[PDB]
>>> print(open('run03.txt').read())   # compact mmCIF, N, CA, C and O atoms
# COMPACT_ATOMS: atom_id res chain seq x y z
N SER I 3 9.81 16.26 10.84
CA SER I 3 9.35 14.86 10.72
C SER I 3 8.12 14.79 9.83
O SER I 3 7.63 13.69 9.56
N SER I 4 7.63 15.95 9.39
CA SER I 4 6.55 16.08 8.36
C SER I 4 6.64 14.97 7.31
O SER I 4 7.70 14.83 6.69
N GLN I 5 5.58 14.19 7.11
CA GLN I 5 5.65 12.89 6.37
C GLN I 5 4.25 12.45 5.83
O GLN I 5 3.21 12.84 6.34
N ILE I 6 4.28 11.75 4.70
CA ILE I 6 3.17 11.19 4.03
C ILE I 6 3.22 9.69 4.30
O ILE I 6 4.24 9.05 4.08
N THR I 7 2.12 9.14 4.84
CA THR I 7 2.04 7.70 5.06
C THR I 7 0.71 7.14 4.42
O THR I 7 -0.09 7.91 3.88
N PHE I 8 0.49 5.83 4.45
CA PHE I 8 -0.68 5.22 3.81
C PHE I 8 -1.31 4.16 4.68
O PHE I 8 -0.64 3.19 5.07
N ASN I 9 -2.61 4.28 4.90
CA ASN I 9 -3.33 3.30 5.67
C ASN I 9 -3.99 2.41 4.68
O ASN I 9 -4.61 2.91 3.74
N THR I 10 -3.83 1.10 4.84
CA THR I 10 -4.33 0.17 3.83
C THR I 10 -5.01 -1.06 4.43
O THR I 10 -4.60 -1.53 5.46
N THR I 11 -6.09 -1.50 3.76
CA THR I 11 -6.91 -2.66 4.14
C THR I 11 -7.36 -3.27 2.84
O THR I 11 -7.34 -2.62 1.78
N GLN I 12 -7.85 -4.49 2.94
CA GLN I 12 -8.05 -5.28 1.75
C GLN I 12 -9.20 -6.26 1.90
O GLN I 12 -9.35 -6.90 2.95
N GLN I 13 -10.01 -6.38 0.85
CA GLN I 13 -10.98 -7.46 0.73
C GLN I 13 -10.57 -8.29 -0.50
O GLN I 13 -10.89 -7.91 -1.64
N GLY I 14 -9.85 -9.39 -0.26
CA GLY I 14 -9.22 -10.16 -1.34
C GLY I 14 -8.32 -9.30 -2.23
O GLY I 14 -7.37 -8.65 -1.75
N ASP I 15 -8.69 -9.25 -3.52
CA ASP I 15 -8.03 -8.42 -4.54
C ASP I 15 -8.48 -6.94 -4.42
O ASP I 15 -7.95 -6.10 -5.11
N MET I 16 -9.44 -6.63 -3.53
CA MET I 16 -9.93 -5.24 -3.35
C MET I 16 -9.25 -4.49 -2.20
O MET I 16 -9.47 -4.77 -1.04
N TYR I 17 -8.39 -3.55 -2.59
CA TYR I 17 -7.52 -2.77 -1.70
C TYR I 17 -8.10 -1.35 -1.51
O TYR I 17 -8.49 -0.70 -2.51
N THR I 18 -8.06 -0.83 -0.27
CA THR I 18 -8.44 0.57 0.00
C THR I 18 -7.22 1.23 0.61
O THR I 18 -6.65 0.70 1.56
N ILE I 19 -6.77 2.31 -0.01
CA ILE I 19 -5.54 3.03 0.38
C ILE I 19 -5.98 4.48 0.72
O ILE I 19 -6.66 5.13 -0.06
N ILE I 20 -5.57 4.96 1.89
CA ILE I 20 -6.03 6.28 2.38
C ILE I 20 -4.73 6.93 2.74
O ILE I 20 -4.14 6.52 3.73
N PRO I 21 -4.24 7.89 1.90
CA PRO I 21 -2.98 8.52 2.24
C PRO I 21 -3.18 9.45 3.41
O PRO I 21 -4.30 9.96 3.58
N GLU I 22 -2.15 9.62 4.25
CA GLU I 22 -2.23 10.48 5.45
C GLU I 22 -1.06 11.49 5.48
O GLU I 22 0.09 11.08 5.46
N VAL I 23 -1.34 12.79 5.51
CA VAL I 23 -0.30 13.78 5.76
C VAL I 23 -0.28 14.27 7.23
O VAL I 23 -1.29 14.72 7.79
N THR I 24 0.90 14.17 7.85
CA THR I 24 1.16 14.82 9.14
C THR I 24 2.32 15.81 9.01
O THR I 24 3.40 15.42 8.63
N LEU I 25 2.08 17.09 9.34
CA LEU I 25 3.05 18.18 9.20
C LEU I 25 3.40 18.82 10.55
O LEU I 25 2.57 18.93 11.45
N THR I 26 4.64 19.27 10.65
CA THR I 26 5.09 19.86 11.86
C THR I 26 4.68 21.35 11.93
O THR I 26 4.53 21.88 13.02
N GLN I 27 4.49 22.00 10.77
CA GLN I 27 3.99 23.39 10.67
C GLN I 27 2.70 23.35 9.90
O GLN I 27 2.65 22.68 8.89
N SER I 28 1.68 24.08 10.33
CA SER I 28 0.49 24.16 9.48
C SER I 28 0.86 24.81 8.13
O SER I 28 1.91 25.45 8.01
N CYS I 29 0.02 24.62 7.11
CA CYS I 29 0.37 25.07 5.76
C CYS I 29 -0.86 25.26 4.88
O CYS I 29 -1.87 24.56 5.04
N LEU I 30 -0.77 26.25 4.00
CA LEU I 30 -1.64 26.37 2.84
C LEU I 30 -0.92 25.68 1.67
O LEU I 30 -0.16 26.29 0.91
N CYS I 31 -1.17 24.38 1.56
CA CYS I 31 -0.33 23.46 0.77
C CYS I 31 -0.97 22.91 -0.48
O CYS I 31 -2.15 22.53 -0.48
N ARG I 32 -0.19 22.85 -1.56
CA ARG I 32 -0.54 22.12 -2.77
C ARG I 32 -0.37 20.59 -2.52
O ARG I 32 0.70 20.11 -2.15
N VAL I 33 -1.46 19.85 -2.70
CA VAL I 33 -1.52 18.40 -2.60
C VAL I 33 -1.96 17.75 -3.90
O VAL I 33 -3.06 18.04 -4.40
N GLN I 34 -1.13 16.83 -4.40
CA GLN I 34 -1.33 16.08 -5.62
C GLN I 34 -1.32 14.59 -5.32
O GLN I 34 -0.45 14.12 -4.58
N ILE I 35 -2.32 13.90 -5.86
CA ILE I 35 -2.51 12.47 -5.75
C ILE I 35 -2.49 11.93 -7.19
O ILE I 35 -3.33 12.32 -8.03
N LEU I 36 -1.52 11.06 -7.49
CA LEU I 36 -1.59 10.26 -8.73
C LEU I 36 -1.77 8.74 -8.42
O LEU I 36 -1.31 8.25 -7.36
N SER I 37 -2.57 8.06 -9.25
CA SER I 37 -2.72 6.60 -9.17
C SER I 37 -2.67 6.01 -10.58
O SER I 37 -3.16 6.60 -11.53
N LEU I 38 -2.08 4.84 -10.68
CA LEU I 38 -1.97 4.07 -11.90
C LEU I 38 -1.97 2.60 -11.51
O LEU I 38 -1.21 2.18 -10.62
N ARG I 39 -2.88 1.87 -12.15
CA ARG I 39 -2.99 0.43 -12.14
C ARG I 39 -3.01 -0.02 -13.59
O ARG I 39 -3.72 0.57 -14.39
N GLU I 40 -2.23 -1.05 -13.92
CA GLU I 40 -2.20 -1.62 -15.25
C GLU I 40 -1.95 -3.10 -15.13
O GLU I 40 -1.14 -3.54 -14.32
N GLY I 41 -2.67 -3.87 -15.91
CA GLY I 41 -2.31 -5.28 -16.07
C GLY I 41 -3.18 -5.89 -17.12
O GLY I 41 -3.59 -5.19 -18.02
N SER I 42 -3.49 -7.18 -16.96
CA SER I 42 -4.15 -7.99 -17.99
C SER I 42 -5.52 -7.46 -18.39
O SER I 42 -5.90 -7.56 -19.54
N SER I 43 -6.25 -6.95 -17.40
CA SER I 43 -7.64 -6.58 -17.56
C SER I 43 -7.83 -5.07 -17.85
O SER I 43 -8.85 -4.47 -17.51
N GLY I 44 -6.84 -4.48 -18.52
CA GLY I 44 -6.92 -3.08 -18.92
C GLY I 44 -6.16 -2.19 -17.97
O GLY I 44 -5.15 -2.60 -17.39
N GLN I 45 -6.66 -0.97 -17.77
CA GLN I 45 -5.98 -0.05 -16.89
C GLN I 45 -6.85 1.11 -16.41
O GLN I 45 -7.89 1.41 -16.98
N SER I 46 -6.39 1.72 -15.33
CA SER I 46 -7.06 2.78 -14.65
C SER I 46 -6.05 3.79 -14.12
O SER I 46 -4.98 3.44 -13.60
N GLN I 47 -6.39 5.06 -14.25
CA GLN I 47 -5.50 6.14 -13.87
C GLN I 47 -6.33 7.26 -13.27
O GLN I 47 -7.45 7.53 -13.74
N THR I 48 -5.83 7.83 -12.17
CA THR I 48 -6.34 9.09 -11.62
C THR I 48 -5.22 10.14 -11.41
O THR I 48 -4.08 9.82 -11.19
N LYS I 49 -5.59 11.41 -11.48
CA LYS I 49 -4.76 12.52 -11.02
C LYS I 49 -5.69 13.50 -10.33
O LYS I 49 -6.80 13.77 -10.82
N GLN I 50 -5.26 14.01 -9.19
CA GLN I 50 -5.85 15.21 -8.63
C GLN I 50 -4.86 16.15 -7.97
O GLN I 50 -3.90 15.72 -7.36
N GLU I 51 -5.11 17.45 -8.13
CA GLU I 51 -4.32 18.54 -7.58
C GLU I 51 -5.32 19.43 -6.84
O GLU I 51 -6.38 19.81 -7.39
N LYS I 52 -4.97 19.72 -5.58
CA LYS I 52 -5.80 20.48 -4.65
C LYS I 52 -4.92 21.36 -3.73
O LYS I 52 -3.81 20.96 -3.34
N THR I 53 -5.40 22.55 -3.41
CA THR I 53 -4.78 23.37 -2.34
C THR I 53 -5.60 23.16 -1.08
O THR I 53 -6.83 23.27 -1.10
N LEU I 54 -4.93 22.82 0.01
CA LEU I 54 -5.66 22.76 1.28
C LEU I 54 -4.96 23.34 2.53
O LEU I 54 -3.71 23.45 2.61
N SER I 55 -5.79 23.79 3.48
CA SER I 55 -5.27 24.19 4.78
C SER I 55 -5.09 22.92 5.62
O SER I 55 -6.05 22.22 5.96
N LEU I 56 -3.83 22.59 5.87
CA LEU I 56 -3.44 21.47 6.69
C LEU I 56 -2.94 22.11 7.96
O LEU I 56 -2.17 23.10 7.89
N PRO I 57 -3.39 21.59 9.12
CA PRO I 57 -2.90 22.09 10.39
C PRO I 57 -1.58 21.40 10.65
O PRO I 57 -1.18 20.57 9.82
N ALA I 58 -0.93 21.75 11.75
CA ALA I 58 0.25 21.06 12.25
C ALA I 58 -0.14 19.88 13.16
O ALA I 58 -1.21 19.90 13.79
N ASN I 59 0.73 18.85 13.20
CA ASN I 59 0.77 17.80 14.25
C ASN I 59 -0.39 16.80 14.26
O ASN I 59 -0.66 16.10 15.25
N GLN I 60 -1.08 16.76 13.14
CA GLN I 60 -2.40 16.19 13.09
C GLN I 60 -2.51 15.56 11.72
O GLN I 60 -2.46 16.25 10.73
N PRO I 61 -2.65 14.21 11.68
CA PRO I 61 -2.66 13.40 10.46
C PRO I 61 -3.92 13.74 9.70
O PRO I 61 -5.00 13.59 10.25
N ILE I 62 -3.78 14.23 8.48
CA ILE I 62 -4.92 14.59 7.67
C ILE I 62 -5.04 13.53 6.55
O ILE I 62 -4.06 13.24 5.79
N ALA I 63 -6.21 12.91 6.52
CA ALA I 63 -6.47 11.81 5.60
C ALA I 63 -6.89 12.38 4.24
O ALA I 63 -7.73 13.28 4.16
N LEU I 64 -6.25 11.90 3.18
CA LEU I 64 -6.62 12.26 1.82
C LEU I 64 -7.71 11.29 1.32
O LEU I 64 -8.05 10.32 2.02
N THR I 65 -8.32 11.58 0.17
CA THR I 65 -9.45 10.77 -0.34
C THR I 65 -9.02 9.29 -0.49
O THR I 65 -7.85 9.02 -0.73
N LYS I 66 -9.97 8.37 -0.28
CA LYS I 66 -9.79 6.93 -0.53
C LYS I 66 -9.45 6.66 -1.99
O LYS I 66 -10.11 7.21 -2.88
N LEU I 67 -8.43 5.82 -2.21
CA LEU I 67 -8.21 5.12 -3.49
C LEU I 67 -8.69 3.67 -3.30
O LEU I 67 -8.22 2.98 -2.39
N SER I 68 -9.60 3.22 -4.16
CA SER I 68 -10.08 1.84 -4.15
C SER I 68 -9.65 1.08 -5.41
O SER I 68 -10.28 1.25 -6.47
N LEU I 69 -8.60 0.25 -5.30
CA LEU I 69 -8.01 -0.43 -6.46
C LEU I 69 -8.18 -1.94 -6.40
O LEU I 69 -7.88 -2.54 -5.42
N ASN I 70 -8.68 -2.52 -7.48
CA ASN I 70 -8.63 -3.97 -7.75
C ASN I 70 -7.26 -4.37 -8.27
O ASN I 70 -6.91 -4.10 -9.41
N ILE I 71 -6.50 -5.01 -7.42
CA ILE I 71 -5.14 -5.39 -7.74
C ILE I 71 -5.01 -6.90 -7.88
O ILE I 71 -5.14 -7.64 -6.91
N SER I 72 -4.76 -7.29 -9.12
CA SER I 72 -4.62 -8.69 -9.50
C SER I 72 -3.15 -9.06 -9.49
O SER I 72 -2.32 -8.20 -9.62
N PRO I 73 -2.82 -10.36 -9.38
CA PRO I 73 -1.42 -10.76 -9.60
C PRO I 73 -0.85 -10.24 -10.92
O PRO I 73 -1.53 -10.27 -11.93
N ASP I 74 0.38 -9.72 -10.85
CA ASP I 74 1.09 -9.12 -12.00
C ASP I 74 0.60 -7.78 -12.59
O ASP I 74 1.10 -7.33 -13.64
N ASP I 75 -0.39 -7.18 -11.94
CA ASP I 75 -0.65 -5.77 -12.15
C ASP I 75 0.52 -4.91 -11.70
O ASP I 75 1.28 -5.29 -10.80
N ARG I 76 0.67 -3.77 -12.38
CA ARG I 76 1.58 -2.79 -11.99
C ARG I 76 0.73 -1.68 -11.43
O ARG I 76 -0.19 -1.22 -12.07
N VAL I 77 1.02 -1.31 -10.19
CA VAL I 77 0.23 -0.29 -9.46
C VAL I 77 1.15 0.73 -8.82
O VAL I 77 2.23 0.42 -8.42
N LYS I 78 0.69 1.94 -8.67
CA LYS I 78 1.47 2.99 -8.07
C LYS I 78 0.40 3.94 -7.57
O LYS I 78 -0.55 4.20 -8.33
N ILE I 79 0.57 4.46 -6.34
CA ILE I 79 -0.02 5.71 -5.84
C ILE I 79 1.07 6.68 -5.39
O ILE I 79 1.86 6.33 -4.51
N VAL I 80 1.08 7.91 -5.95
CA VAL I 80 2.10 8.93 -5.69
C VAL I 80 1.40 10.18 -5.14
O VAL I 80 0.55 10.73 -5.80
N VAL I 81 1.77 10.57 -3.91
CA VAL I 81 1.20 11.74 -3.15
C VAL I 81 2.34 12.76 -2.99
O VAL I 81 3.44 12.41 -2.58
N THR I 82 2.09 14.00 -3.41
CA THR I 82 3.06 15.09 -3.29
C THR I 82 2.43 16.26 -2.56
O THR I 82 1.37 16.71 -2.94
N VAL I 83 3.05 16.66 -1.44
CA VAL I 83 2.61 17.82 -0.59
C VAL I 83 3.70 18.88 -0.69
O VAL I 83 4.90 18.62 -0.39
N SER I 84 3.30 20.09 -1.09
CA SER I 84 4.24 21.20 -1.21
C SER I 84 3.62 22.53 -0.76
O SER I 84 2.38 22.65 -0.74
N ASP I 85 4.46 23.46 -0.29
CA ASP I 85 3.98 24.78 0.18
C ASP I 85 4.54 25.86 -0.72
O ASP I 85 4.30 27.05 -0.53
N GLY I 86 5.32 25.42 -1.71
CA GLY I 86 5.93 26.33 -2.69
C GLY I 86 6.99 27.19 -2.05
O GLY I 86 7.35 28.24 -2.57
N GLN I 87 7.43 26.81 -0.85
CA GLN I 87 8.56 27.45 -0.20
C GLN I 87 9.60 26.36 -0.09
O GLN I 87 10.14 25.93 -1.11
N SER I 88 9.80 25.84 1.11
CA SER I 88 10.80 24.78 1.30
C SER I 88 10.27 23.40 1.67
O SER I 88 11.04 22.44 1.81
N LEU I 89 8.97 23.29 1.86
CA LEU I 89 8.38 22.01 2.02
C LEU I 89 8.19 21.43 0.62
O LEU I 89 7.52 21.99 -0.27
N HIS I 90 8.78 20.26 0.45
CA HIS I 90 8.40 19.43 -0.65
C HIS I 90 8.51 17.93 -0.27
O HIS I 90 9.59 17.41 -0.10
N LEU I 91 7.35 17.28 -0.11
CA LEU I 91 7.30 15.89 0.31
C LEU I 91 6.59 15.07 -0.76
O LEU I 91 5.67 15.54 -1.42
N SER I 92 7.04 13.84 -0.91
CA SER I 92 6.49 12.95 -1.93
C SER I 92 6.76 11.48 -1.53
O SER I 92 7.87 11.10 -1.16
N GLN I 93 5.73 10.66 -1.61
CA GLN I 93 5.83 9.26 -1.27
C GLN I 93 5.03 8.41 -2.22
O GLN I 93 4.02 8.86 -2.72
N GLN I 94 5.52 7.22 -2.51
CA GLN I 94 4.74 6.22 -3.26
C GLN I 94 4.23 5.03 -2.42
O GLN I 94 4.85 4.60 -1.46
N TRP I 95 3.05 4.53 -2.80
CA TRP I 95 2.57 3.23 -2.39
C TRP I 95 2.47 2.32 -3.66
O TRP I 95 2.15 2.80 -4.76
N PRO I 96 2.81 1.00 -3.52
CA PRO I 96 3.29 0.38 -2.25
C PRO I 96 4.75 0.76 -1.87
O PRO I 96 5.46 1.42 -2.68
N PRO I 97 5.12 0.53 -0.59
CA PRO I 97 6.43 0.96 -0.04
C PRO I 97 7.63 0.08 -0.44
O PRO I 97 7.48 -1.14 -0.54
>>> encode(input="run03.txt", output="C-alpha cells")
Amino acid sequence: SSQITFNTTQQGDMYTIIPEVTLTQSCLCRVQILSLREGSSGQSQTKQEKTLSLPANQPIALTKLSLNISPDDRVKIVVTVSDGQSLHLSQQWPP
C-alpha cells in the first residue's frame, strides 16, 4: 500500500503543497520532486533529487512547495520514490 500523497492548504491564490511518503518497508530510497508552474505572469520550475532513509509505516513529509496559482496557470508537482529494486512510485499534484 506504499503510496505518495499531498497535503494542501491555501491562502487565496497562495497554495502550500507538502508531499507525503508512506512505505510498507523501510528503504534507502531515491526521492525526486519536480514542480512546474506556467501562465500569464511568467514561469517557475524546480527539480530536486535526494537519497533518504525512509522508515516503514510512517508518513514522511517532503519539503514544502509554495506556488502562486492564478486562473489558467498550468501547474504540476511530480514526486518519484524508488529503491532501485522493485519499488517504483510516482504521483502528480493536482490529482
>>> atom_distance(input="run03.txt", atom1="atom C of residue 84 in chain I", atom2="CA of residue 18 in chain I")
25.1 Å
>>> residues_around(input="run03.txt", residues="range 65-80 of chain I", least_positions_apart="4", cutoff="8 Å", atoms="only N, CA, C and O atoms", output="ChimeraX atom specification")
/I:9-22,33-50,91-97
>>> residues_around(input="run03.txt", residues="residue 90 in chain I", least_positions_apart="2", cutoff="12 Å", atoms="only C-alpha atoms", output="PyMOL selection string")
chain I and resi 4-6+25+29+31-34+81-88+92-93
>>> atom_distance(input="run03.txt", atom1="CA of residue 7 in chain I", atom2="CA of residue 56 in chain I")
14.9 Å
>>> closest_residue(input="run03.txt", among="I:89, I:57, I:8, I:62", to="residue 28 in chain I", atoms="only C-alpha atoms")
I:57
>>> select_by_dssp(input="run03.txt", residues="chain I", states="strand (DSSP E)", output="PyMOL selection string")
chain I and resi 5-13+16-24+29-41+44-56+62-63+67-70+76-84+90-95
>>> atom_distance(input="run03.txt", atom1="CA of residue 53 in chain I", atom2="atom N of residue 26 in chain I")
16.6 Å
